[PDB]
Amino acid sequence: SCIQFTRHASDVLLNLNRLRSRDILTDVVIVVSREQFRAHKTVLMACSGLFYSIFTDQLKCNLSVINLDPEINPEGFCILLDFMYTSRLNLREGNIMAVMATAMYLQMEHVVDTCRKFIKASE
Amino acid sequence: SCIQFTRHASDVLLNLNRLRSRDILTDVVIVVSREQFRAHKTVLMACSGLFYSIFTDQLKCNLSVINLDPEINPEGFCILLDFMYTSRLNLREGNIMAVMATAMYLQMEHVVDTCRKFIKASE
Amino acid sequence: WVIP
Amino acid sequence: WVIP
Ligand SMILES: CSc1ncc(Cl)c(Nc2ccc3c(c2)CC(=O)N3)n1
Ligand SMILES: CSc1ncc(Cl)c(Nc2ccc3c(c2)CC(=O)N3)n1
Ligand SMILES: [Cl-]
Ligand SMILES: [Cl-]
Ligand SMILES: [Cl-]
Ligand SMILES: [Cl-]
């Protein structure tokens, strides 16, 4: 018999992004080919199968620094980190290959799906 | 020129609630008249003006235990904590007064608004 | 607010 | 996915 507030999840995500922009309560640095990205472990886990697996590990859950595979492109990661905190994906002809490869590595199934569809349309 | 994934914010909140249910990466205990509630500081801040103010304080941001005012009803808090993580509010005739008072103290403006409207309809 |  |  609950009532539901339609905009609540969006408002929560908007506030989490405000915290990220002001570097409030960020608890991890993600290192991508020497570029560094500060974030909230819980948000990373909520968006990515890879971060979910990492931060549920009894040893890795306590790390303040995570280094990604050197093949990962920092711009592709930045675009995906922005998507995690906003639901908005900056998908462009020049970045789609790097974004899809990063989303496959991060295990972000819905992003991989839209990249596959956008690539298929251009062939 | 971004594309947007409609269900992303809801999916994020659903995963944050899964983390709460399994007590994963919870970093604070909220004490309400001896009842204890584990949660994520970032989610509490994203939903409540009171928690936002508390955890942006340079001393309180580091506390692992927060004690609420003894007038706060544990059931009212529990209902609001469930709403924070799900967008669903269990508003009932028997709890509406305790839920509204707790939402006013927590500074959850949209919850206060629907409680005022539901009370006004019954008068 | 809605009935979900 | 939509055009926001
Ligand atoms: C599976 S239960 C669960 N519980 C809590 C969290 Cl934080 C979580 N996250 C997560 C797991 C896998 C995937 C994603 C998020 C996005 C994606 O495409 N795959 N999962
Ligand atoms: C105001 S900027 C901002 N930035 C980040 C966060 Cl985490 C935040 N939360 C917050 C503040 C006030 C209120 C709520 C959440 C719910 C409500 O009714 N009032 N606010
Ligand atoms: Cl470390
Ligand atoms: Cl995704
Ligand atoms: Cl403490
Ligand atoms: Cl609210």
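In the text below, chain A, chain B and the rest are named by the order of the sequence lines, each starting its count at 1. Any value given below was found using the heavy atoms of this structure, including those in side chains, with hydrogens, waters and symmetry copies removed.
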Return the [atom1] to [atom2] distance between [X] and [Y], rounded to the nearest 0.5 Å.
| X | Y | atom1 | atom2 | answer |
| --- | --- | --- | --- | --- |
| B/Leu91 | B/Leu80 | CG | CG | 9.5 Å |
| B/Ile30 | B/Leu81 | CD1 | CG | 8.5 Å |
| B/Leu68 | B/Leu106 | CG | CG | 6.5 Å |
| B/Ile24 | B/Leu16 | CD1 | CG | 11.5 Å |

Check: How close do B/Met108 and B/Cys47 get, heavy atom to heavy atom, and via which atoms?
Finding: CG-O, 3.4 Å
Next item on the list: Of all the heavy-atom pairs spanning B/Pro74 and B/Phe37, show the shortest one and how long it is.
Entry: O-CZ, 3.6 Å
Once you leave out hydrogens and angles, what donor-acceptor pairs under 3.5 Å do chain C and chain B share?
{"from": "C/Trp1", "atom 1": "NE1", "to": "B/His110", "atom 2": "O", "distance (Å)": "3.4"}

